[PDB]
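First, one chain by itself: the form deposited in one PDB entry, in structure tokens.
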């Protein structure tokens, strides 16, 4: 007879796990994650900020890249998140143990983070990671300032209820660069209509397309770089093909409309 199935690990494309050296985006902002998962380090005269960490097994690589940038574990002050799925918040618990970093997130992201991504609205317990506690709860439009760099939260619920875009202004060539780190606008395998766990899912996505379209946005970055047409392995041309926030939102909405139509037809 037949035993219950073994637990299945959350496995991902190899490029999501391929370490890369730090790639500079602007004067204080660096990509320090893997080829296909974004983890942004922002360095200030008063400590560093990390936006996303990628997968759980990326913690040591992140710490190595911070060190290469001159950031010791004590210097990391703040972790911000796009959303609290395993492939973006994965190493947060371990980073908190090994650095001085505290986590700021909205309430939805905080409760999902605290249960390690378990009981996901769409994925059940299939994508769990080590749970972590948020140290600060942020509201929509709230700002957090570190070493004089101001980060603004823009809620864009849909991909998760707590999905957030973070914006800040850096510099390049003596000119301001308004960076928008916009969260995922995908709905991979989601039941969109009449979802009892997320009854206003479609309304939230539509509002979120509008939110992303209107962001202050000289340079768009996304948790999965391919979503904004970044190629982190392409060196000096890594961001050459990057979408505007308007184009990113429009593409996501067109895809979403197609998915809605297929769902009705399914």
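Shifts are known only where both forms have a C-alpha. Numbering follows the first chain given and starts at 1. For the two forms, the rigid core is made up of the largest set of C-alpha atoms that agree within 1.5 Å on superposition.
One more form of this protein should be noted, the form deposited in another entry, which is absent from this view; the next part is about it.
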*Is residue 242 one of the residues whose C-alpha moves 2 Å or more between this form and the one not shown after the core fit?*
no
*Compare the position of the CA of residue 20 between this form and the one not shown after a rigid core fit and state whether the shift reaches 2 Å.*
no
_Aligning on the core only, does the CA of residue 254 end up 2 angstroms or more away between this form and the one not shown?_
no
*Check residue 6 against residue 59 at the C-alpha atoms and report closer or farther in the other entry, compared with the shown form; the change is 3 Å or more.*
closer
*Large-shift segments between this form and the one not shown, meaning 3+ residue runs whose Cα move 2 Å or more when the rigid core is superposed*: 1-16
